[PDB]
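One chain is shown next in structure tokens, namely the form deposited in one PDB entry.
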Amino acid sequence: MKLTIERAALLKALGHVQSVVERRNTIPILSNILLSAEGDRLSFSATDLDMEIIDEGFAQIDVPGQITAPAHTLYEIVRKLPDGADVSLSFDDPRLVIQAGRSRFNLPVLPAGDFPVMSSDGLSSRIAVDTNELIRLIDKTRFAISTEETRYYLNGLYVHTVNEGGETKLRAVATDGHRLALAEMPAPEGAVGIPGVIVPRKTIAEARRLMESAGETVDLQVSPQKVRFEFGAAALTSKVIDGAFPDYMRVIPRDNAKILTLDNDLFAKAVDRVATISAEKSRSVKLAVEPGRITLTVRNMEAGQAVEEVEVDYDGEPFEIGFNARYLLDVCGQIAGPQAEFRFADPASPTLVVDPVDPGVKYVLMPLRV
């Protein structure tokens, strides 16, 4: 292998793929990038076995070939090279030689034949999804995905279509067992009837990162075993979580009749204030709801109390309900306009939060005893 490539091109590709590589990874080849030179392109692949990121850059290829080399180290070297440098990559020592200006690096390689192969058999045809739309699906819901390390059905984003309101919707649902987030859009042409898949948490994160540099649309492919996002030259192919996502429709309350509307910014500030008396990781807040008012109370585990009254629009029966303060603030953080609407049943039942300026989202909070 022998080629020359512009620093900016090399850096752009390296930066895109190297994100998947775990810092704390133990199998040496999974710390590497597969470099594949052919024609007028250098291809770049990295993986953590669950997902693979690929990217391509233009290069002047004197001799085609394939090698693997340490990903973060290669990225860091190139980052530190002078602006505008042309970079020579040469594989008669067995190391990859990187030369630019008056710098020369020799990096140990591992054989390209030991690098894992992510198969894309079985995928649907490409479905073009508006990029901003996809970004909204993710940003409205991903906070509710569980951060646990397991391969449990809660540790990813359930992407599926539903036939509702005279329209098929492309819908994303996240839950960690404590709260739920739902966001949807009109189903793009070709998405209607995709199989429902649970996209892993890390895959969503990496896809969302790549979306920051994407064009007008992102191509999506789906099978029951895989998902693929294409962002022009870059692509992310991932396994999906094997199992049955819960019947979340059973959790999302339809009939909650105690409806309350409030000033979301003022309420969120009040919740945040009263929650300040606790330095504890988990902080519960009591909402004493009555006509015209919510009285918020937080207590810590060292005798401290905080109370705040917030005027709200409500004229039903009084009741008291508790929520994890962070989960409540997370919901208020998603609301796009000045009001939030809450729908309650009894203090033991799930609570619905709706956004009057976005009918395409739903949030569910599960109550607790403080």
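Start at 1 and count along the sequence shown; that's the residue number. Between two forms, the rigid core is the largest collection of C-alphas that superpose within 1.5 Å.
Only in words, not in the display: the form deposited in another entry, which the text now covers.
Asker: Shifts of 2 Å or more in the Cα, rigid core superposed between the shown form and the other one, apply to only one of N163, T150, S125, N132; name it.
Answerer: C-alpha shift of at least 2 Å: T150.
Asker: Specify closer or farther for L352 and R151: how their Cα atoms are spaced in the other entry versus the shown form, given a shift of 3 angstroms or more.
Answerer: They are closer; the C-alpha distance drops by 3 Å or more in the other entry.
Asker: Which is it in the other entry for the CA atoms of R151 and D247, closer or farther than here, knowing they shift by 3 Å or more?
Answerer: Closer is correct, given that in the other entry the C-alpha spacing of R151 to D247 is reduced by at least 3 Å.
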